[PDB]
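Residue-level structural notes
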Amino acid sequence: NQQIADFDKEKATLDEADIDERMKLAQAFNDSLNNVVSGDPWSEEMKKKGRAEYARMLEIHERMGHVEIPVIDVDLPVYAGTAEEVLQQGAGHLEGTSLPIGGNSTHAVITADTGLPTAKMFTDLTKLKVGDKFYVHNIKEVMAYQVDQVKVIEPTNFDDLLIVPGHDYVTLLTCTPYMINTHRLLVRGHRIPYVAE
């Protein structure tokens, strides 16, 4: 709400040289990425992780951007890493996956909670179908993705979260089934052309 407005307002003031340097750094990070999934965010080891520093180049006031999902009225800020404090605040970027700047041979994974009384997070992610759209906002632009795969996995199976060569994917990840949470729901979209009006 206020946090997304803040991001977008500050984004609009950034000088082009500033955006260019930030994107240079983000692109270098992606091009050098050791593509190994850090872990399952809800495991005890991942919950307790310290401050994530790896995405500072993309951040305005600690937010890397926001993910907008019109069909379920979601627009959620994205923070670096997946520690407990991040999942309390919004969505977390899964360390080990591409930064959310798109490009050939990239796959960014964005995760959030489900079923909580106090913030809806990804509770309605279950409603998404193949063909649905979502929009990833970063300091440079807004990137459109169209869902091409929805699947359920066990928490430690990361095969579906790695880079697919020759493609540009973002997966939205939460827990499933409803109020059970033993597994993970993966909603994967592929990049499509988009010009924001």
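Residues numbered from 1 in each chain as written, not as in the entry; some residues may be left out. Heavy atoms only, no water. Residues with missing side-chain atoms left out of burial classes, pairs and counts.

Judging from the entry metadata, X-ray crystallography is the method by which this structure was determined, and 1.30 Å is the reported resolution.

Here the focus is the overall build of the protein chain. In terms of helices and strands, the protein chain carries four helices and eight strands. Secondary structure elements of the protein chain occur, N-terminal to C-terminal, as α-α-α-β-β-α-β-β-β-β-β-β. The C-alpha radius of gyration of the protein chain comes to 15 Å, within 12% of the 16 Å expected for a compact globule of 197 residues. In terms of overall dimensions, the protein chain has C-alpha extents of about 50 × 35 × 35 Å along its principal axes. When contacts within the protein chain are restricted to residue pairs at least 6 apart in sequence, long-range pairs at least 24 apart make up 66% of them. (Helix = DSSP H or I, 4+ residues; strand = E, 2+ residues; numbered from the N terminus. Rg over C-alpha atoms; globule rule 2.2 N^0.38 Å. Contact = heavy atoms within 4.5 Å.)

Attention now goes to the side chain of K11. Mapped onto the elements of the fold, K11 is located in helix 1 (residues 2-13). As a buried residue without a salt bridge, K11 has its nearest oppositely charged side chain in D8, at a separation of 5.0 Å. There is a polar contact of 2.8 Å between the side chain of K11 and the backbone oxygen of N138. For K11, the side chain forms a polar contact with the main-chain oxygen of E141, separated by 3.4 Å. The residues contacting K11, other than those within four sequence positions of it, are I60, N138, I139, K140, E141 and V142. (Buried < 20%, exposed > 50% of the residue type's maximum accessible area, 1.4 Å probe, protein only. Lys, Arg positive; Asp, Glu negative; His and termini not counted. Salt bridge = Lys/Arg side-chain N within 4 Å of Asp/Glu carboxyl O. Polar contact = N/O pair within 3.5 Å; in protein donor to acceptor, adjacent residues only side chain to side chain.)

So, about the pairing of strand 4 (residues 106-111). For a regular strand, the rule is simple: side chains alternate between the two faces of the sheet. Taken across its six residues, strand 4 has six buried, putting it largely inside the fold. Sheet analysis places strand 3 (residues 91-93) next to strand 4, joined by two bridges and oriented antiparallel. For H93, the partnering residue across the bridge sits in strand 4 and is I110. Note that strand 4 and strand 7 (residues 168-176) share six bridges and pair parallel. Its bridge partner being in strand 7, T111 is matched across the sheet by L173. (Pairing = 2+ DSSP bridges.)

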